[PDB]
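A short write-up of the structure that comes next.
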Amino acid sequence: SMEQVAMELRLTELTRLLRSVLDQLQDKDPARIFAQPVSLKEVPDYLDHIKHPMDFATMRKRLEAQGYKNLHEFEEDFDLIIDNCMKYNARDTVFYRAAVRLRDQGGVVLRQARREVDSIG
């Protein structure tokens with residue numbers, strides 16, 4: 001149907017906008033602390049601590065399959081990156097501090113992304 005096509009075009013345009021959002025958030029992580037999944041070879045206990053691991057590469061896979069239907073879903077995954085790190089790592093660590101700075105800087109970007117998603121529809 002044409003209605004199904006139109007819905008698919010909207011998902012594609014959302015995907016474009018989320019791709020640009022993802023780029024902008026990841027630039028706020030120049031250390032690349034959040035680029036890849038925590039390795040279970042190097043942190044064998046991780047899944048005892050963290051139930052839903054997340055990272056920028058995993059988000060990019062989901063994005064490229066058009067797997068985010070709305071901005072809320074994408075924000076949920078970004079918050080997991082931050083929140084997981086702030087739980088596993090102590091306040092005094094470079095990892096925790098990196099997550100705080102990512103959260104603070106990413107807020108700016110997400111605030112305008114929400115406006116854009118509502119504005120364009």
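Here, A, B, ... name the chains of the structure tokens in the order displayed, residue numbers run from 1 inside each chain, and ligands are numbered from 1 in the same displayed order.
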Write out as a count of residues only all residues of segment 9-97 of chain A that backbone DSSP assigns to helix (DSSP H, G or I). 54
Residue 63 of chain A surroundings by only C-alpha atoms, 9 Å radius, close-in-sequence under 6 positions cut, as a list in words: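 Selected residues are residues 15, 18, 19 and 74 of chain A.
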Write out as JSON, numbers by chain the residues lying within 12 Å of residue 98 of chain A, counting only C-alpha atoms and excluding same-chain residues fewer than 5 positions away. {"A": [26, 28, 29, 30, 31, 32, 33, 34, 81, 82, 83, 85, 86, 89, 90, 91, 92, 93, 103, 104, 105, 106]}
Write a file of the just-selected residues containing N, CA, C and O atoms, as an mmCIF file, in the first residue's frame.
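Written out: part.cif:
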```cif
data_model
loop_
_atom_site.group_PDB
_atom_site.id
_atom_site.type_symbol
_atom_site.label_atom_id
_atom_site.label_comp_id
_atom_site.auth_asym_id
_atom_site.auth_seq_id
_atom_site.Cartn_x
_atom_site.Cartn_y
_atom_site.Cartn_z
ATOM 1 N N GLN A 26 28.272 11.084 20.030
ATOM 2 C CA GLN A 26 29.515 10.417 20.119
ATOM 3 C C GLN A 26 30.760 11.325 20.051
ATOM 4 O O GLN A 26 31.829 11.024 20.560
ATOM 5 N N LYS A 28 31.005 13.869 21.767
ATOM 6 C CA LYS A 28 31.138 14.227 23.144
ATOM 7 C C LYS A 28 31.834 13.176 24.032
ATOM 8 O O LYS A 28 31.829 13.319 25.323
ATOM 9 N N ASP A 29 32.411 12.200 23.335
ATOM 10 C CA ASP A 29 33.134 11.034 23.928
ATOM 11 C C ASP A 29 34.412 10.873 23.166
ATOM 12 O O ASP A 29 34.642 9.857 22.529
ATOM 13 N N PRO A 30 35.321 11.923 23.242
ATOM 14 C CA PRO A 30 36.527 11.798 22.382
ATOM 15 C C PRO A 30 37.512 10.707 22.838
ATOM 16 O O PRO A 30 38.165 10.078 22.006
ATOM 17 N N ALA A 31 37.465 10.387 24.152
ATOM 18 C CA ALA A 31 38.213 9.234 24.654
ATOM 19 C C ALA A 31 37.759 7.862 24.086
ATOM 20 O O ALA A 31 38.460 6.856 24.213
ATOM 21 N N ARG A 32 36.566 7.805 23.455
ATOM 22 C CA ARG A 32 36.029 6.541 22.969
ATOM 23 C C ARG A 32 35.756 5.468 24.051
ATOM 24 O O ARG A 32 35.764 4.314 23.774
ATOM 25 N N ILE A 33 35.396 5.968 25.216
ATOM 26 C CA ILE A 33 35.075 5.085 26.380
ATOM 27 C C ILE A 33 33.814 4.243 26.096
ATOM 28 O O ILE A 33 33.695 3.033 26.486
ATOM 29 N N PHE A 34 32.933 4.851 25.310
ATOM 30 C CA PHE A 34 31.585 4.239 25.063
ATOM 31 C C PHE A 34 31.379 3.683 23.652
ATOM 32 O O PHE A 34 30.256 3.256 23.262
ATOM 33 N N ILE A 81 23.719 3.601 28.154
ATOM 34 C CA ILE A 81 25.192 3.746 28.105
ATOM 35 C C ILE A 81 25.695 4.484 29.347
ATOM 36 O O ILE A 81 26.665 4.004 30.030
ATOM 37 N N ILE A 82 25.050 5.613 29.655
ATOM 38 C CA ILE A 82 25.437 6.493 30.748
ATOM 39 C C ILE A 82 25.179 5.821 32.085
ATOM 40 O O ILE A 82 26.058 5.733 32.997
ATOM 41 N N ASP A 83 23.950 5.351 32.221
ATOM 42 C CA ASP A 83 23.504 4.802 33.494
ATOM 43 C C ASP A 83 24.252 3.553 33.895
ATOM 44 O O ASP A 83 24.569 3.361 35.116
ATOM 45 N N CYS A 85 27.322 2.756 33.139
ATOM 46 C CA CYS A 85 28.694 3.191 33.503
ATOM 47 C C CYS A 85 28.703 3.785 34.903
ATOM 48 O O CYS A 85 29.629 3.504 35.708
ATOM 49 N N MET A 86 27.703 4.606 35.228
ATOM 50 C CA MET A 86 27.611 5.268 36.513
ATOM 51 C C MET A 86 27.293 4.286 37.657
ATOM 52 O O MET A 86 27.535 4.639 38.816
ATOM 53 N N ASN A 89 30.992 1.764 37.711
ATOM 54 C CA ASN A 89 32.219 2.473 38.035
ATOM 55 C C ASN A 89 31.999 3.465 39.151
ATOM 56 O O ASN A 89 30.925 4.148 39.266
ATOM 57 N N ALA A 90 32.961 3.616 40.029
ATOM 58 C CA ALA A 90 32.836 4.618 41.139
ATOM 59 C C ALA A 90 32.974 6.040 40.709
ATOM 60 O O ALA A 90 33.558 6.366 39.682
ATOM 61 N N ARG A 91 32.398 6.938 41.497
ATOM 62 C CA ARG A 91 32.499 8.390 41.274
ATOM 63 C C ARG A 91 33.865 8.981 40.964
ATOM 64 O O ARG A 91 33.982 9.950 40.212
ATOM 65 N N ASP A 92 34.909 8.446 41.597
ATOM 66 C CA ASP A 92 36.273 8.914 41.435
ATOM 67 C C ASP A 92 37.016 8.413 40.173
ATOM 68 O O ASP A 92 38.241 8.648 40.029
ATOM 69 N N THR A 93 36.319 7.775 39.244
ATOM 70 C CA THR A 93 36.982 7.121 38.127
ATOM 71 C C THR A 93 36.819 7.912 36.866
ATOM 72 O O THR A 93 35.801 8.648 36.685
ATOM 73 N N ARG A 103 26.558 12.739 29.402
ATOM 74 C CA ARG A 103 25.182 13.047 29.748
ATOM 75 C C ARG A 103 24.880 14.572 29.624
ATOM 76 O O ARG A 103 23.836 15.013 29.087
ATOM 77 N N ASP A 104 25.775 15.379 30.168
ATOM 78 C CA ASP A 104 25.553 16.839 30.259
ATOM 79 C C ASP A 104 25.569 17.478 28.903
ATOM 80 O O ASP A 104 24.681 18.304 28.588
ATOM 81 N N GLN A 105 26.543 17.059 28.098
ATOM 82 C CA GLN A 105 26.708 17.556 26.758
ATOM 83 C C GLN A 105 25.657 17.015 25.811
ATOM 84 O O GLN A 105 25.158 17.761 24.939
ATOM 85 N N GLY A 106 25.318 15.748 25.969
ATOM 86 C CA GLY A 106 24.308 15.133 25.139
ATOM 87 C C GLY A 106 22.902 15.691 25.344
ATOM 88 O O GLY A 106 22.081 15.664 24.390
#
```
Contacts of segment 108-110 of chain A at 12 Å (only C-alpha atoms; same-chain gap of 5+ positions) as a PyMOL selection string: chain A and resi 17-18+20-28+71-72+74-76+78-79+101-103+115-117
Mind pulling up the distance from atom CA of residue 99 of chain A to atom CA of residue 55 of chain A?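 Between atom CA of residue 55 of chain A and atom CA of residue 99 of chain A the gap works out to 11.7 Å.
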Nearby residues (only C-alpha atoms) at most 10 Å from segment 42-53 of chain A, same-chain spacing under 5 positions excluded, as a list in words: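 Near neighbours after the sequence-gap exclusion: residues 37, 58, 77, 80, 81, 83, 84, 85, 87 and 88 of chain A.
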A:3, A:11, A:64, A:95 ranked by distance to residue 121 of chain A, top pick (using only C-alpha atoms):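 Of A:3, A:11, A:64, A:95, the one nearest residue 121 of chain A, counting only C-alpha atoms, is A:11.
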